[PDB]
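K.L.:
Once you've seen the sequence and the experimental structure below, I've got questions.
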Amino acid sequence: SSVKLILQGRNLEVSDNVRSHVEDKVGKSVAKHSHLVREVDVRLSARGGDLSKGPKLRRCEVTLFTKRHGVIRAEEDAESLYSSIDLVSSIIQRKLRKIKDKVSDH
Amino acid sequence: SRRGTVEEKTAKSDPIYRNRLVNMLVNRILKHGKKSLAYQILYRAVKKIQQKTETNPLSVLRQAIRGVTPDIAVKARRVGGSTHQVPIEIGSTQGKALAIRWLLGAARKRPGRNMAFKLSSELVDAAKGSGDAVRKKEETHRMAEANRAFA
Amino acid sequence: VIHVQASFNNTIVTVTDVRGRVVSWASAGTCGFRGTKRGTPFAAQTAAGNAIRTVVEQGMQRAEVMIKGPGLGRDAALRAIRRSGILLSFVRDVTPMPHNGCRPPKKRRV
Amino acid sequence: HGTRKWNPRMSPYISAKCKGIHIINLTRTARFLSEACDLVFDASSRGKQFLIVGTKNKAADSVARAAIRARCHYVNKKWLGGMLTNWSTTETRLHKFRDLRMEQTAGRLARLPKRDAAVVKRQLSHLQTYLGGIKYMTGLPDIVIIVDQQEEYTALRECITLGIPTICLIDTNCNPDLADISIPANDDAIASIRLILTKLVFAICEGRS
Amino acid sequence: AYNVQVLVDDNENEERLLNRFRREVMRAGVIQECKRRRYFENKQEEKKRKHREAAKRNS
RNA sequence: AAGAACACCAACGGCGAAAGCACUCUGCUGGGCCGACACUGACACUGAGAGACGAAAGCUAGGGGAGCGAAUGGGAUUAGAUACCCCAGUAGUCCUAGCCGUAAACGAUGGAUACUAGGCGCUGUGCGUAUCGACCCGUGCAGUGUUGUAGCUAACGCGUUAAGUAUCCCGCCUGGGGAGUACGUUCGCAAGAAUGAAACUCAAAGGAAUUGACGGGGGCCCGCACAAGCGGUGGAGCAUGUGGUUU
Ligand SMILES: [Mg+2]
Ligand SMILES: [Mg+2]
Ligand SMILES: [Mg+2]
Ligand SMILES: [Mg+2]
Ligand SMILES: [Mg+2]
Ligand SMILES: [Mg+2]
Ligand SMILES: [Mg+2]
Ligand SMILES: [Mg+2]
Ligand SMILES: [Mg+2]
């Protein structure tokens, strides 16, 4: 809790039901190490189908800057928007847990 | 750096007193790249020290560096174990410049009319035991003897 | 006699006569150290000095040191005992030697 | 050579043995000395070019002088790979090496700097170390002689690859199946070398006519 | 019940006593055997240990 | 006073069908090797069923219980810690009767026999030379290890102790998952062991080796990478860009 959030309509408009789905996922992965991070960067995109040529694909780029010189870069691609958000959140929880295991190595 | 062979700089001396200690003392005063103003801060100070003490200011300056110089310090290390601060000795040149920072550092902090007065009262007080820079020597020297064991 | 027990967490120094009746003692903990600083070799020097200094005043120039166990302070304690005003005959180490007697603990994982 | 060094391959060509040391057979080789000198004498009459491969320190200069008596070729230093097999690269280095001796005659060394002249000096010096006895070959030999099998193991294999008969070191160190012509007893000393080397080099002289 | 003895009475130096004490106890191997007997070791560790000791002494 | 276990000797080591057997002796007792001039006269090999032995763990009674230690508590590390760490600690670990009959019970390699280059050194027991005091040296036999030729092998590697060349006999496999599961049967005090499917489902699963990438693997080195120093940003006010909202 007490962490800001940044969305970005790269190639589309950000709806409200989508915004609720974003906060639900990263809210789980970040609530664990909530006292290490201050902000959450997000950038949603869309391509293909009716917009462009090729398969419909929606990207979700997520960057995270902790309170102690921590940098995370996560980028995945899926056929739907929610599925893209889900896969990235799993990657953040993996690397975000990797940091504590190194700090708590003793 | 990774070379380990730093060139030895040409330690110069002032025109009047012709000693290299004074020139090392001046180079820490300026911060915008001007030397003509530091002497107006210095030559007014050493004259003011002579006005008060009735003796050469050179010995008073040589005594202050002799008293504030700790010749020992503590550095943090965690190559073995977590959060260790064991002592470490200091050379002759390193301890010399190390005392200049503490003197001029305390002079800027303490109140006064000008840097010449703030610097004059610092050296005169620092030479006579009681000085804000001498307190930092005691604090740094305390941490060494406190953590005298290598742990 | 000067029984000394070395270890990684502490170093003990007990003085006693040949008959086995202690007169004085002091360890790194009594000196002021605590935690991991006790096992350091410097603590053995200061701990040994405070225990033997009172003994040199009360005569008994003769002495025998009985080392017991490993540690970093066992060698540093000799410098403390040697840097003194007493002679010595034995520098023997009365350590245990089990011939496969009991079961030791399990190995540590961390 | 010894109880811990005798190869079971030479067992047909062993007669007896002694305290530690080994005794080679001089009977079977005498037939091959005749077959060798008969083939070398017959081959030299047709005008072929031969080669000798000697790099052992004890017989480095002996093989050098051995080649001056005839119009054959020697290899004093190491084999450096692909001498005969990669002949296309060898002609490039020999055409190169042949030219540099003409380069030194010109007065172009004056207009070169100090360091550049040193590289050209050390360049030609390196090729002289390995390309000395080949300067007048101009082609591939037809028979190649091996003085040492162990130290020059690479030279014996390119002959088998290119299909060239050869002479070998059939003493107990090596394998006799590698060369068709077999002459043991050459690892003893220069006596075993010069007695055989001068004998075979001698036969080349009358064969040359 | 002892393991090592040094009957010095007046050494020529303060630090040279360790030369007579360390190397003497080293040949007896008191430090290595106590580290061994601290934690239990299986038959696998014994074979690996004694094998490394031999390879260290042989060459 | 008690219980349990035997440093050093100790390995490139010995014995045993394996599992396994190491502080010392003594008793009873099994097996192997060699020698030779007593003898037997193919009385051999393998082995379905069956039978015996069979690490630890665990079970059924009776004893014992020092130390160590599942479980269970407590103190810490952690977002959490029913874990790793630390302090205490039950069953069990030990003995005598018996059950259980499973392990990476591995040399991941069934047994017997004949043939097939060598090099090193370790035992056991002979022969001969020799100092004939043993030793040493040289060889035979039966074993035990390490390199390695031919040959085999997908490759790694095996290689006179074969994973080579051949014969005889037993067991065993026929894509993966479902599954060593379900039903039934036999044994077992139980825990569970052995025997052992099908429906349905995928077009793979898997082996060796190569190349990169990666590693809280190792070694070395470099950059204002850190450290050290000097001066700023983040706060204030105002330039000016982007988002967002608004239009
Ligand atoms: Mg059966
Ligand atoms: Mg049991
Ligand atoms: Mg099984
Ligand atoms: Mg086993
Ligand atoms: Mg099996
Ligand atoms: Mg088997
Ligand atoms: Mg092999
Ligand atoms: Mg593989
Ligand atoms: Mg820095």
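P.N.:
Perfect, I can see it now. Numbering: from 1, shown residues only, chains lettered A, B, ... in the order given. Ligands and ions are numbered 1, 2, ... in the order given.

K.L.:
Spatially nearest residue to residue D:85, not counting backbone neighbours?
P.N.:
Spatial nearest neighbour of residue D:85, chain neighbours left out: residue D:158 (4.6 Å); criterion: Cβ to Cβ, 6 or more residues apart in numbering or on different chains. Yep, even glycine has a C-beta here, placed from its N, CA and C like the rest.

K.L.:
Secondary structure element for the one you found, which one?
P.N.:
Assessed by DSSP states H and E, residue D:158 sits inside helix D:153-162.

K.L.:
other SSEs contacting that helix?
P.N.:
Packing partners of helix D:153-162 (3 or more Cβ pairs under 8 Å, 6 or more residues apart in numbering or on different chains; DSSP states H and E): strand D:143-146.

K.L.:
Can the helix holding residue D:158 be said to contact RNA strand F?
P.N.:
No: judged by Cβ under 7 Å from any atom of the strand, helix D:153-162 makes no contact with RNA strand F; its nearest approach is 13.7 Å.

K.L.:
What distance do you get for the residue nearest to residue D:85 to residue D:144?
P.N.:
To residue D:144, residue D:158 is 9 Å away according to Cβ to Cβ, to the nearest Å.

K.L.:
hmm, back to that, the residue nearest to residue D:85 and residue D:84 touch, don't they?
P.N.:
Yes: with contacts counted by Cβ atoms under 8 Å, residue D:158 reaches residue D:84, the gap being 5.0 Å.

K.L.:
what's the distance between the residue nearest to residue D:85 and residue D:141?
P.N.:
Taken as Cβ to Cβ, the span from residue D:158 to residue D:141 is 11 Å.

K.L.:
Now for the residue nearest to residue D:85, how many residues are close by?
P.N.:
By other Cβ atoms under 10 Å in any protein chain shown, the residues close to residue D:158 number 18.

K.L.:
returning to what we had before: what sits in contact with each of residue D:158 and residue D:141?
P.N.:
Contact with both residue D:158 and residue D:141 is made by residues residue D:84, according to Cβ atoms under 8 Å, 6 or more residues apart in numbering or on different chains.

K.L.:
rewinding a little: how far away is the residue nearest to residue D:85 from residue C:33?
P.N.:
Going from residue D:158 to residue C:33 by Cβ to Cβ gives 76 Å.

K.L.:
do residue B:78 as well
P.N.:
Using Cβ to Cβ, residue B:78 is found at 21 Å from residue C:33.

K.L.:
quick one, which of those two is more surrounded?
P.N.:
Neighbour totals were compared for residue B:78 and residue C:33, and residue C:33 leads with 22 against 9 (other Cβ under 10 Å).

K.L.:
Quick check: which element contains the residue nearest to that one when sequence neighbours are not counted?
P.N.:
Using Cβ to Cβ, 6+ apart and skipping residues adjacent in sequence, the residue nearest residue C:33 is residue C:43, 4.8 Å away. Here residue C:43 is covered by helix C:41-57, with elements defined by DSSP H and E.

K.L.:
what ranges do the strands span in chain D?
P.N.:
D:14-17, D:22-24, D:50-53, D:73-75, D:143-146, D:166-167 (DSSP state E).

K.L.:
Show me the strands in chain E, by range?
P.N.:
With DSSP E as the criterion, chain E has no strands.

K.L.:
Minimum distance to RNA strand F, which residue of it gives it?
P.N.:
residue E:50 (3.6 Å; Cβ to the nearest atom of the strand).

K.L.:
All the helices of chain D, residue numbers only.
P.N.:
Under the criterion DSSP state H, helices of chain D are mapped to D:27-44, D:60-68, D:87-103, D:114-130, D:153-162, D:190-208.

K.L.:
who touches residue C:28 in this structure?
P.N.:
C:10-11, C:37-40, C:43-44, C:46-47, C:73.

K.L.:
Could you rerun that using 6 Å?
P.N.:
Neighbour list for residue C:28: C:10-11, C:38, C:43, C:47 [criterion: Cβ atoms under 6 Å, 6 or more residues apart in numbering or on different chains].

K.L.:
which one of the residues you listed sits closest to residue B:141?
P.N.:
Set against residue B:141, the nearest of the contacts of residue C:28 by Cβ to Cβ is residue C:43 (20.2 Å).

K.L.:
That closest one: neighbour count?
P.N.:
Neighbour number of residue C:43 under other Cβ under 10 Å is 27.

K.L.:
Tell me the spacing between it and residue B:73.
P.N.:
Remark: distance between residue C:43 and residue B:73 (Cβ to Cβ) = 22 Å.

K.L.:
Endpoint to endpoint, stretch B:63-75 covers what distance?
P.N.:
27 Å (Cα to Cα, to the nearest Å).

K.L.:
got the buried residues for it?
P.N.:
B:64-65, B:67-70, B:72-74 (16 or more other Cβ atoms under 10 Å in any protein chain shown).

K.L.:
So which of the residues you listed are in helices?
P.N.:
Using DSSP H, the buried residues of stretch B:63-75 in helices are B:64-65, B:67-68.

K.L.:
ok, of those residues, which one's closest to residue D:190?
P.N.:
Nearest to residue D:190 among those is residue B:65, at 80.2 Å by Cβ to Cβ.

K.L.:
Distance from the lengthiest helix in chain E to the middle of the chain?
P.N.:
Ranked by residue count and defined by DSSP H, the top helix of chain E is helix E:43-58. Helix E:43-58 sits 16 Å away from the centroid of its parent chain (Cα atoms, centre = their mean, to the nearest Å).

K.L.:
Name the residues of that helix that come out as buried.
P.N.:
So helix E:43-58, judged by 16+ other Cβ under 10 Å, has zero buried residues.

K.L.:
measure the residue nearest to residue A:31 when sequence neighbours are not counted to residue A:7 for me?
P.N.:
Once flanking residues are discounted, residue A:31 sits nearest to residue A:1: 7.2 Å by Cβ to Cβ, 6+ apart. Look at residue A:1 and residue A:7: by Cβ to Cβ, they are 18 Å apart.

K.L.:
More neighbours: these two, which one.
P.N.:
The residue with more neighbours, out of residue A:1 and residue A:7, is residue A:7; 15 against 7, by other Cβ under 10 Å.

K.L.:
For the more buried one, list the residues it contacts.
P.N.:
Neighbours of residue A:7 in contact, by Cβ under 6 Å, 6+ apart: A:14, A:42.

K.L.:
Mind doing that once more with 10 Å?
P.N.:
Contacts for residue A:7 (Cβ atoms under 10 Å, 6 or more residues apart in numbering or on different chains) come out as A:14, A:18-19, A:22-23, A:40-44.

K.L.:
Now which of those would you call buried?
P.N.:
Among those, those classed as buried by 16+ other Cβ under 10 Å are A:18, A:22, A:40-42, A:44.

K.L.:
Out of these, which comes closest to residue C:68?
P.N.:
Closest approach to residue C:68 among those (Cβ to Cβ): residue A:40, at 59.8 Å.

K.L.:
Surely that closest one and residue A:8 touch.
P.N.:
No: the criterion here is Cβ atoms under 10 Å, and residue A:40 misses it with residue A:8 at 11.9 Å.

K.L.:
How many residues are close by the nearest residue to residue B:25 once chain neighbours are set aside?
P.N.:
Excluding the flanking residues, the one nearest residue B:25 by Cβ to Cβ, 6+ apart is residue B:100, at 5.6 Å. Using other Cβ under 10 Å, residue B:100 has 20 neighbouring residues.

K.L.:
The ones in helices among the buried residues of stretch B:63-75: which two are farthest apart?
P.N.:
B:65 and B:67 (7.5 Å).

K.L.:
okay, and the common contacts of the two?
P.N.:
Counting by Cβ under 10 Å, 6+ apart, the common neighbours of residue B:65 and residue B:67 are B:99, B:126-127.

K.L.:
can I get those residues in JSON lines with distance to residue B:39 and neighbour count?
P.N.:
Below are the shared contacts of residue B:65 and residue B:67 laid out as JSON lines (distance: Cβ to Cβ, whole Å; neighbours: other Cβ atoms under 10 Å in any protein chain shown):
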{"residue": "B:99", "distance to residue B:39": "21", "neighbour count": "23"}
{"residue": "B:126", "distance to residue B:39": "21", "neighbour count": "26"}
{"residue": "B:127", "distance to residue B:39": "21", "neighbour count": "22"}
